[PDB]
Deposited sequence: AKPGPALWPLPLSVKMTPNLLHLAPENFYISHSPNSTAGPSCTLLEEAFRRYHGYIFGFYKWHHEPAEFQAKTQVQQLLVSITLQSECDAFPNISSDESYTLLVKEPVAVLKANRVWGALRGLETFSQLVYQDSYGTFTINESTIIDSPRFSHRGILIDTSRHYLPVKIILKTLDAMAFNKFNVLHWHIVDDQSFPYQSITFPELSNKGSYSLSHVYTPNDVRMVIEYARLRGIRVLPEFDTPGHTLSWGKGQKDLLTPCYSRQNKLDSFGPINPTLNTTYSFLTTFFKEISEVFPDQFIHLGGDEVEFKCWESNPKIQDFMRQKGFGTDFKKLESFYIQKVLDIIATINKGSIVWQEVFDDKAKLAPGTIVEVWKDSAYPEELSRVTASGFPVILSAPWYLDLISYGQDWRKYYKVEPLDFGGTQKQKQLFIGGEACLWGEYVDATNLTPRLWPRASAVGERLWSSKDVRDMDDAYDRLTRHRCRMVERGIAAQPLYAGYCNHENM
């Protein structure tokens, strides 16, 4: 009942037992980590609880290289491990802490209770490492505020599924819950209410809780579109519309805009330790810019004519430069690439439009840019039946291109946009549909047997329910 299915699993028929109050998870004497390693100590304790809730007496955890116990994970973090289940001492070996975390999850999925309640595990050898290094979940806390507790629950479910990136789409048009220290008015005026806000301490808590599970927190502060809430607190930032709505995208002709964004993103570079910041750039509406006389004047001032993609490009290039100056990397939705913005090498492009996405993947990678796929995994787009199968059947590298282009494909994300999602329905909608994407992103390309996937996923889903994650059914049946 392994999910995702490990790269290599070899088992024997020899059954071994475990005794809950005489089973300890501890550091191997040769490990680079010890009791000082909070991340491993906390993992040992919570996995002991998950496991239980001829005798294998102990699980020894050996970290081989500098452990990275006090660091934040990044795109290059080594999540490989091996697990040797035998008596009297099983061994989990990993280059780094990140792999040991993954291996503790796998170990917990191997232990089961027989018909008489006896805790049991098969002698086995597992070798495992992920197919892709970027394995994300997008949550949207603007369309609806999500209490910190459900973000923490989502992070727990992510760990059970070996997801390693929380793409936090923190702000958008409808609300601005991010409490900024340098700009207090953004949240004071842009939040749904003063109790629908993420304080600096809420953000640190999420980041740290994520870190303890090997999960990166990727912040998205989408501009120049998707910024209506920003205008409440930052005066003169948005373009006033002459006519359809009242305010449009951020005004890219003003120096106060770039001055504001410089101070703002500098704060973000300090709050969020991840190497990458997602700058957004999706669905920018030009009508408001088109209808504005001052923008029209700016357009002719540098020969952009009536091509507002050049103005969007001009804007996004200035933001990308601000990010590079503060030594962070940038991620961008595909529109930025499609509208001909000049992107510096290393800029990641997230391909989200479902129309000819394989052809988009070829173009991005042929231009030399790293790419992330979310297009066929828009989990907010619900439908009747077993749609997990359609997410599962995606083979992300089925696009035209050389091996060099295929090496630029670094992973993907399951996206849960928030228009129709809040605390009442997030979890059942997310899980186990996102588990399908999790396996496609972790396991080998040839892991695609549908019957076996259904068998393992129904049990994995029951395991999620047992651990307090209200994952919905795949089909008729029951748990226990």
- prompt: Missing C-alpha stretches, by deposited numbering?
  reply: 1-5, 59-72, 263-266, 504-507
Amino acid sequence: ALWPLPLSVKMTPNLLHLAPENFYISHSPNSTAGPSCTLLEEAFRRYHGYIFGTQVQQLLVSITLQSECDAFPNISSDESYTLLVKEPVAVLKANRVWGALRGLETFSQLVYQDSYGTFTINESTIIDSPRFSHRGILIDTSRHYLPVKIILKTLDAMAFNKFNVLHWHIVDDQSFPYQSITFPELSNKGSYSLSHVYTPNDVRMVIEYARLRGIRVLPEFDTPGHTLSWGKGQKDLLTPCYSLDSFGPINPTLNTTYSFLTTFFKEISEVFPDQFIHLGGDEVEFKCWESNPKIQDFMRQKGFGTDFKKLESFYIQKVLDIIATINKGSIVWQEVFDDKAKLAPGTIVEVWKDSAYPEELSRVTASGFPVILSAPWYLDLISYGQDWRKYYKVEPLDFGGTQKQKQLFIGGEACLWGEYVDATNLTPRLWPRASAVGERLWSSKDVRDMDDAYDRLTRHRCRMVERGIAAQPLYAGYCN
From here on, numbers count along this sequence of modelled residues.
message: Using only C-alpha atoms and the B-factors in the entry, which stretch averages higher, 450-458 or 54-62?
response: 54-62
- prompt: Once you work out the mean C-alpha B-factor for both 329-337 and 301-309 from the entry, which is higher?
  reply: 301-309
task: Between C288, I126, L218, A159, let me know which has the highest C-alpha B-factor in the entry?
output: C288
message: Highest recorded C-alpha temperature factor, please, choosing from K353, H167, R96, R102.
response: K353
statement: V271: C-alpha B-factor third of its chain, per the entry, is the middle
- request: Using the B-factor values recorded in the entry, state whether the Cα atom of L18 falls in the lowest, middle or highest third among the modelled residues of its chain.
  value: highest
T38 by Cα B-factor - lowest, middle or highest third of the modelled chain: middle
query: What third of its chain's C-alpha B-factors does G136 belong to: lowest, middle or highest?
result: lowest
- line: Of the three thirds of Cα B-factor ranks in this chain, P293 occupies the highest
